[PDB]
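Okay, so here's the structure we're looking at.
Using ideal geometry, Cβ is built from the backbone for each residue, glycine included, and neighbour counts are taken over all protein chains shown. Here, each number is a calculation from the coordinates, and none is a lab measurement.
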Amino acid sequence: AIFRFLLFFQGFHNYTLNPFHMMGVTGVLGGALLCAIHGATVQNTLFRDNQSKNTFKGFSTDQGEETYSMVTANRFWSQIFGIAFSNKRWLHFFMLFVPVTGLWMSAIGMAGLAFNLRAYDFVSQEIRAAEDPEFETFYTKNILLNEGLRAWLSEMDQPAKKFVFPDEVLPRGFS
Amino acid sequence: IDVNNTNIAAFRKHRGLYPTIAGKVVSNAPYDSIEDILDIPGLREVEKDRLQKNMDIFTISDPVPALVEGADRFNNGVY
Amino acid sequence: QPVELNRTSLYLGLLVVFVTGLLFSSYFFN
Amino acid sequence: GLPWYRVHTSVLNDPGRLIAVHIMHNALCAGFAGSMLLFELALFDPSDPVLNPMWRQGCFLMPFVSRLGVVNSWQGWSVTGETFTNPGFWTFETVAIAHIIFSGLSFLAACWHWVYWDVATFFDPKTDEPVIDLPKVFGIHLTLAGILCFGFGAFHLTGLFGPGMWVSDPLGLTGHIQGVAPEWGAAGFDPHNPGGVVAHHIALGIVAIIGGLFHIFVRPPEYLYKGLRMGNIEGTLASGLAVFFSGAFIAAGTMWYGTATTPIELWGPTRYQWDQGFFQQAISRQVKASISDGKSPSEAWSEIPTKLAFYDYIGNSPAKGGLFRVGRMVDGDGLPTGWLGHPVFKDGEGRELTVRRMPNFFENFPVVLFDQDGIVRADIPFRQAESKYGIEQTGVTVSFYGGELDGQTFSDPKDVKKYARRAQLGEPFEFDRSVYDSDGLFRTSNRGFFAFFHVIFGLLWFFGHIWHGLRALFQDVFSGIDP
Amino acid sequence: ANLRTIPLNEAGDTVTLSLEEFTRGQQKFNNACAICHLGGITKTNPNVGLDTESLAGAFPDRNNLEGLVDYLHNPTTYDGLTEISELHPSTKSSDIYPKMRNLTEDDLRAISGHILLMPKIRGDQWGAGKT
Amino acid sequence: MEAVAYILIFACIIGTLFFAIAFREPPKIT
Amino acid sequence: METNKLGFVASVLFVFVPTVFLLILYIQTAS
Amino acid sequence: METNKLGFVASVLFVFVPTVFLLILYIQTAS
Amino acid sequence: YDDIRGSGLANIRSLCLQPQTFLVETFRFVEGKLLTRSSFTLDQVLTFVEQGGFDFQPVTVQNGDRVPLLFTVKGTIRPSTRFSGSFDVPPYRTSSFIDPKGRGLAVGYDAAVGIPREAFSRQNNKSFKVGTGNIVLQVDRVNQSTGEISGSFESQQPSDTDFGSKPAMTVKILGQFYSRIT
Ligand code: CLA
Ligand code: CLA
Ligand SMILES: CCCCCCCCCCCCCCCC(=O)OC[C@H](CO[C@@H]1O[C@H](CS(=O)(=O)O)[C@@H](O)[C@H](O)[C@H]1O)OC(=O)CCCCCCCCCCCCCCC
Ligand code: HEM
Ligand SMILES: CC1=C(/C=C/C(C)=C/C=C/C(C)=C/C=C/C=C(C)/C=C/C=C(C)/C=C/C2=C(C)CCCC2(C)C)C(C)(C)CCC1
């Protein structure tokens, strides 16, 4: 049902084109990036606080000292990525801030799709493609795919509406 | 069905015609006479007589250039 | 206390402005 | 106060400066109301309220101004339509100029309160620290809100000493301003009832006067003073932000659904009047009543008002614009020049055909013509190689009743293929897209834009409510927990 | 019920099918014939479908159970000019197509009876697919 | 003039990226 | 290209009205 | 009025590009 | 084939036609550049009637404007003898082509369904006309031991109009051909 909802939102709403959803995707993908990169950075800047090769026993709950070198991690990411965190508290606030604000921005995009206020189309390109039957962009091929989804789903998506589409008004791509 | 604008897939509709009769009525085009399909320039007697039964639907109306631009009657491309 | 904005916050603010503007420019132009 | 996102907390312990910074928000709000109405009127076309109402023209503040009583301008015209010569004093301009003058006065008063922060009102007598008594101030404020509510609903909306309010018929054709008696029964809770609005404001004015008097003479309990952090002004902000975001959702919902407060002469029709075919059934009912009154089909169909036909345009559904299709509705389909009349499609067999109208969901829709049986009889094809249906293959003719094409019949494939496209968009209309450089893509009304903005406002004020409630309760641990 | 009853021959005699027999034929449709007749049409040629209107309009009329079994005994054209048992699987020609070498007369009868006892169950869901 | 806005904003991202690597505030150990 | 005319002036004030604010805040911090 | 189109955008950058400079300089002096 | 696989040795019996230059008469005949790698060999085709074979080759040549021309010819021997004739150029693409907006002639929309007929109707209703091309075939080298003659041509045929959207221009084509009269 969620998968139908996702494809319905593309075909009827063009939701990938919605910029608030693009920030949602950016926030969620960056949240996953931050989760992975912070875990691996901590795990690879650990201190030698044990004797065994299993470094998971090099940490006690009661200890008040950092279990990983923030200095070595800052050095590594400064010389790999050009920037690095130096503030641990800011790092963990960023790890909070990134997926939460992404998820909020996607919620703003859905609030817009409640009133059908859609980033469906770019008016300049729907114009140009219609005055020029040679102007093809990936966007025009997304608009065509959306029409294909819309006409080929809606007759069984909403069966209260009783949409009757004959086989020869359904947009085919010339099979 | 017209015999100078119509494809092979709409020669299915007739009771027993596919594929040689339809593959030969289309291969030579245009036909001026409606009854010019019955001369059969290279077809045999089993084709000739069977086509001679089926003369109540054939036509010579108009070969549209959008419908004949090199194997558009044979495989238009609509499956 | 007076307001601050350190260098890192300036760079972060500049990128968030610049990337957000690049994102929304395509839709302001429509 | 040092991080950039904390700077306005410099007035958090300075109530004179707090009043200053509030009076400046007032000056900005009223200056925006005045300037926006001036801009809404420089761009307004008052020539006709039938085909170019304010909701087609992107008027944001004008409906709210005219919903209470201010419908006519000093130029003569009126959004109801009549031009005169003595439009009272409360016109569209006087309102914007009053807000501009208020904005100037409030800027000066905020300057005074910024400079003279140290007045002995904001510091208690016993010590000299800045304080404001939130229960007492709340009671005074609640009482003031109570008198303003009671008065507005009992003297401005009733019309006893006020203009009244906009009322309309269900079809939304006789929109005018008159004072509305209160409705105290169950009928007062009908959303499309203005006496309910009048009675609500009356009853809640008495309620807020009593509560404000109770919140001025009765001090809060010692458990609820520390429980709700009643000494913390931040806690007051959190509860006010709660009221603010839940009102936004209620305001947005009642704008999208339509109540007596948002009539369709000002904000236009709702998407739910197109979803159920509200004006379509209204016109069909009126037409058949005239048909059974011994009138011809063309004669009955030409008594349908252009304003009643225009409501059946799907271009007037507020659920049909786009997020970045910015601007006014006539920036899209264009300026309407007239109603083409009811199209009646007839096949080659002489059967009544109906074009399936398109829903609010669809950006574009297959044009398919049904009949009384509901079986497909013609359509505008796509594959057009096994297309047994089709306009020219079936010979569908369109004949118009009413409007500009009254009596005319068209049988050309191009013409029937065009008017079957305009028939699925509702009642067909002629659009001139040269006056406003209209691009052809539908735009939502002021109803849609207001509803969507105030939903975004509800969502961010939900978060702001949470942020300040959590900050008010967890004030002791904001800097950190404990060593 | 009446779905079991199908045309047997061109003489005219509606023959009823057992539910188990029909299911047994349905399975064998999906092991030796669904390679390219899955759905209702033929993948090799998208014009010769296994539909009622096509099979009744075949020459000879092959919308009959005995007609379909006799087709499987001899692959011909839609008009029946050349008996090309080599481009098609054929009950006699097991060397070109080894799929029916294990199928008996009952197997051919059941697979031919299941093709003609769907179309009033489905309708426009077997003929050419639901678009 | 719509490409000009995009190229100018992209140049602003690139300038911020250079200045936030090259002229970054030094992280001092305590 | 039938693009919004003010879409240029919307793009550049969207991205430099905040930017100068940040630079103001940074410069007054650095001095 | 057949006026220069860019005369608007010339007028406003002529008078606020220096202005923000002054405010930057003032604000960093005041802080 | 492995010797010619990757080389390109392809690019009355089989009559192959190998252009080496494409002068388009822009508003004089200027010669562009071949943007379709090497697929211009009209191959395996007193009066001569046209036959099967690759009697069409769509080649896009290139100001900075792509011109997609459908190079085609549909419709005693000594070192001077010429078979001058004319041919019917079909449209570049057949009527089952669809533009970026969903519209087409055999299959497709009949109008722009992006907006909701107007001044778009020149691109909406697509046409499928036919053009004529004059070709003059020169015979230069004749070897009767194999039974075959070869020479050069000049052909003037129109380019594509995008189903009636833009005025096509005439292209001059020169190159050697070789056929086996039998
Ligand atoms: C007998 C006199 C009388 C009469 C006739 C009315 C009549 C009316 N009152 Mg009422 N009122 C009265 C006395 C009276 N009142 C008194 C004495 C008080 C003091 C308590 C009130 C306090 C009051 C309030 C607070 C409200 C009314 C409202 C109304 C209107 C409700 C109709 C409507 O639009 O729904 C609108 C609102 C609702 C049907 C309730 C919505 C509440 C939602 C469901 C809460 C949850 C939403 C959540 C916060 C956000 C959603 C997020 C997301 C999940 C969507 C109606 C005309 C409502 C109104 O004016 O709406 C504009 C309204 O909110 N009255
Ligand atoms: C009545 C509404 C209201 C009020 C009075 C406040 C007041 C306050 N908030 Mg707050 N907040 C609110 C709503 C409100 N908030 C909402 C709705 C949200 C969610 C979006 C937030 C989320 C929030 C956070 C996360 C924080 C605050 C903080 C603060 C305090 C510091 C002030 C500040 O941030 O200045 C600084 C702001 C700037 C210097 C520039 C901000 C520029 C904004 C983003 C653009 C301006 C847009 C436009 C001009 C404003 C018009 C809005 C329009 C929609 C009406 C202050 C007491 C801070 C705090 O807790 O104090 C210690 C804090 O960190 N708020
Ligand atoms: C391409 C056009 C778009 C532009 C996009 C670029 C936006 C940049 C925004 C500002 C970012 C820099 C903030 C301050 C950083 C810092 O303090 O550096 C200080 C450094 C020294 O490093 C430092 O020096 C300091 C001591 S001192 O400076 O040497 O005295 C020392 O404390 C410190 O550790 C050391 O790192 O040098 C500077 O003075 C930088 C200030 C230059 C002004 C910004 C660049 C302006 C654009 C230049 C190109 C013109 C474009 C023309 C076309 C329009
Ligand atoms: C037991 C298995 C099969 C059965 C019962 C079967 C049945 C049939 C029948 C009855 C027809 C004629 C229908 C008509 O044209 O009206 C036919 C045609 C056809 N079959 Fe199948 N088939 C089987 C296996 C296959 C397979 C595996 C293929 C895959 C290559 C295939 C490809 C075709 C083709 C291409 C045609 C059309 C040929 C023509 O027009 O003569 N068949 N089949
Ligand atoms: C001095 C004075 C005066 C005068 C006054 C005046 C003249 C005024 C005014 C005023 C004004 C003239 C105002 C205003 C306003 C406006 C506003 C305040 C607004 C706004 C806005 C906003 C807020 C927005 C934002 C945004 C954008 C841009 C878009 C979207 C996004 C954002 C949100 C960012 C007088 C004499 C009387 C008195 C004395 C004093």
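See the values below:
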item	result
Proximal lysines to I:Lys126, defined as alpha-carbon separation beneath 28 angstrom and excluding residues fewer than eight positions away on the same chain	A:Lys141, D:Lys346, D:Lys388, D:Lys414, D:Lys417, D:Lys418, I:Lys74, I:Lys101, I:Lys166, I:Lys172
Region D:367-483 - convex hull of alpha carbons, volume per residue in Å³	294 Å³
Under 20 Å from A:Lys162, Cα to Cα: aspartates and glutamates that are on another chain or at least 8 residues apart	A:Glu147, D:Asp275, D:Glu352, D:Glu363, D:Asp371, D:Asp373, D:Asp379, E:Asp124
Beta bridges per DSSP with both ends in the protein assembly as shown, % antiparallel, nearest 5	95 percent
Span from the region A:102-175 Cα centroid across to the region I:50-117 one, whole angstrom	31 Å
Helix axis angle, A:140-151 relative to chain A longest principal axis, alpha carbon, degrees	70 degrees
Two-site label geometry, D:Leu160 and D:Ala289: point separation in nm, points 7 Å out along Cα→Cβ	3.6 nm
Cα gyration tensor shape of chain E, rounded if a/c is under 1.5, else prolate or oblate by comparing a/b with b/c	rounded
Residue mean of other protein chain beta carbons inside 10 Å, G:13-21	6
Per-residue Cβ neighbour rank within 10 angstrom, fewest leading, E:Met100, D:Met54	E:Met100, D:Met54
Helix-only mean residue ellipticity at 222 nm for the protein assembly as shown, each DSSP H run of n ≥ 4 adding -39500 (n - 2.57), per residue, nearest 500	-12500 deg cm²/dmol
Under 20 Å from the D:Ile206 label point (7 Å along Cα→beta-carbon), backbone N, region D:147-187	D:147-161, D:180-187
Calculated FRET value between D:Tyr257 and D:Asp406, using beta carbons and R₀ = 35 Å, to 0.05	0.45
Order of A:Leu144, A:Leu33 under a 10 Å beta carbon neighbour criterion, fewest first	A:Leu33, A:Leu144
Tilt relative to chain D, helix D:413-424 - C-alpha long axis, 0 to 90 degrees, to 10	30 degrees
For region I:69-171, share of DSSP beta bridges that run antiparallel, in % to the nearest 5	95 percent
Highest-fluctuation residue, A:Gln125, A:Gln51, A:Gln43 considered, GNM on chain A with Cα pairs under 10 Å	A:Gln51
FRET efficiency for D:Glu303 and D:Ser47, using Cβ-Cβ distance with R0 set to 30 Å, rounded to 0.05	0.80
Exposure proxy order (Cβ contacts within 10 Å, fewest to most) of I:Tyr178, E:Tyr78	I:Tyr178, E:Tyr78
Shielding score for B:10-19, defined as the mean number of other chain Cβ atoms within 10 Å	5
Scaled radius of gyration (Cα, divided by 2.2 N^0.38 Å) that the protein assembly as shown gives	1.22
Nearest 10 degrees, 0 to 90: helix D:92-115 Cα axis against chain D principal axis	20 degrees
FRET efficiency for E:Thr131 and D:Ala186, using Cβ-Cβ distance with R0 set to 41 Å, rounded to 0.05	0.20
A:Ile37 paired with D:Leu108, simple spin-label distance in nm, labels 7 Å along Cα-to-beta-carbon	5.6 nm
Relative contact order of chain E, defined on C-alpha pairs under 8 angstrom at six or more residues apart (%)	31 percent
Amide proton proximity set for I:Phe71, modelled H, under 5 Å, gap of 5+	I:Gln57, I:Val59
Distance between modelled label sites at D:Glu129 and I:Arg78, nm, 7 Å Cα→Cβ extension	12.4 nm
Translational diffusion of chain A, µm² s⁻¹ [Kirkwood Rh, Cα pairs; Stokes-Einstein; 25 °C; 0.890 mPa s]	118 µm²/s
Mean projected area in nm² (Cα convex hull; one quarter of hull surface) for region D:1-110	8.9 nm²
Sequence ranges D:213-219, D:463-469, ranked by mean other-Cβ count within 10 angstrom, highest first	D:463-469, D:213-219
In order through region A:63-75: 3J(HN,Hα) via Karplus (6.51 cos²θ - 1.76 cosθ + 1.60), integer Hz, x for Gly, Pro	5, x, 10, 4, 8, 9, 6, 6, 6, 5, 5, 4, 4
Averaged over D:439-448, number of beta-carbon atoms from partner chains that fall within 10 Å	4
